[PDB]
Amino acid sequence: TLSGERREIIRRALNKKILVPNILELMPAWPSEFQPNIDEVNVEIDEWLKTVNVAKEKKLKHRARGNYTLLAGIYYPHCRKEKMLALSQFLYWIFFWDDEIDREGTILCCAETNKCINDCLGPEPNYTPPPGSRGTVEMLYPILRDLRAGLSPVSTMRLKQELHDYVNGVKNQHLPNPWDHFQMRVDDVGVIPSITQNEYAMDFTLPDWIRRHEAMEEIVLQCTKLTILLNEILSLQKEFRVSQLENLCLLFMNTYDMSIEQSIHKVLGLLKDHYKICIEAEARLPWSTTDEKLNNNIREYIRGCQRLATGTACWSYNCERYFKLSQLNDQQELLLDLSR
């Protein structure tokens, strides 16, 4: 039965301590940087959060442990400070929304959220939340409006589809097979809208014909996979402690009777594989022989993709969403601790 499988995983992983190498070292060509106005933007974010209709203690737990302005600051380290506000607000939205979301309640929330996405990003814009909107939907209307104000319709269409994909993936969601779990996250994970928001952050539009080029599709895919893989390792302690066993490390343990150490090693191996694929795709991009602006846009778009992966790791090593920062030693090696 499913309960026997879950119970045995818990039995095998309980109280295990695993030292994880610094994941940033597995992506050595891709540097991590910090937007220089994070503190100033956080002051704005704190004033804004007072107006958000999410419980005070919940907003504060996210602000304290997640501190998503820092995440935006690492995703978008070269944007101007004026862009940082909407970018930080969006991350507060998606984490609040994911937190707050009972099959009926989920279906209703997803429908109201998809409606907001259509209202704000679709061909007949309406930025006014319907009366009686829940807090995590009401707050999304002005965020999408502000993002759309700094986006071409080309980029807006991609953001719209990507947000629908995220919301519908949440709606749709034996222990599962590890590869089924991985592929589901590759389709469903909320990271692609962050790649598109680099176009907002750096005020440019990547043309569709380049976005659809096999090598650019590959880079987006590889960076999505890399972000998932490192998140599986970095979130293992958090998820195991609330008995959320659908973590890739535990699924490798279950399906293949791997030890927890072997399974983490396997995920780290996949990270290195997909990084090398990603790097090799750059040579195949349709770089222009003449157009500096176009090539700067291609460069910025792929740096945005790479920063999703390095930035999610770097942020995880600089906040307390996933573990206590005392669990890092002086080499940024993480001592996971699956105690309860």
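We call the rigid core whatever largest set of C-alpha positions still superposes within 1.5 Å between the two forms. Numbering starts at 1 and follows the sequence shown.
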{"query": "Rigid core superposition result in 4 other deposited structures of this protein, more deviant of 102 to 110, 73 to 81 by Cα", "finding": "102 to 110"}
{"query": "Unmodelled stretch of the deposited sequence separating residue 101 from residue 102, binned as none, 1 to 3, 4 to 9 or 10 or more", "finding": "4 to 9"}
{"query": "Residues of the deposited sequence that sit between residue 174 and residue 173 yet are not modelled", "finding": "4 to 9"}
{"query": "Residue stretch of maximal mean CA temperature factor, 1 to 9 vs 329 to 337", "finding": "1 to 9"}
{"query": "Which of 219 to 227 and 184 to 192 has higher mean CA B factor, as the PDB entry lists it", "finding": "184 to 192"}
{"query": "Member of 137, 251, 79, 121 with the greatest C-alpha B factor (per the PDB record)", "finding": "251"}
{"query": "Deposited CA B-factor, highest of 199, 162, 257, 214", "finding": "257"}
{"query": "Chain-relative CA temperature factor third for residue 20", "finding": "highest"}
{"query": "CA B-factor ranking of residue 47, expressed as a third of its chain", "finding": "middle"}
{"query": "Residue 246 - which third its CA temperature factor falls in, relative to the rest of the chain", "finding": "highest"}
{"query": "Assigned third (lowest, middle, highest) for the C-alpha B factor of residue 96", "finding": "lowest"}
{"query": "Assigned third (lowest, middle, highest) for the C-alpha B factor of residue 283", "finding": "highest"}
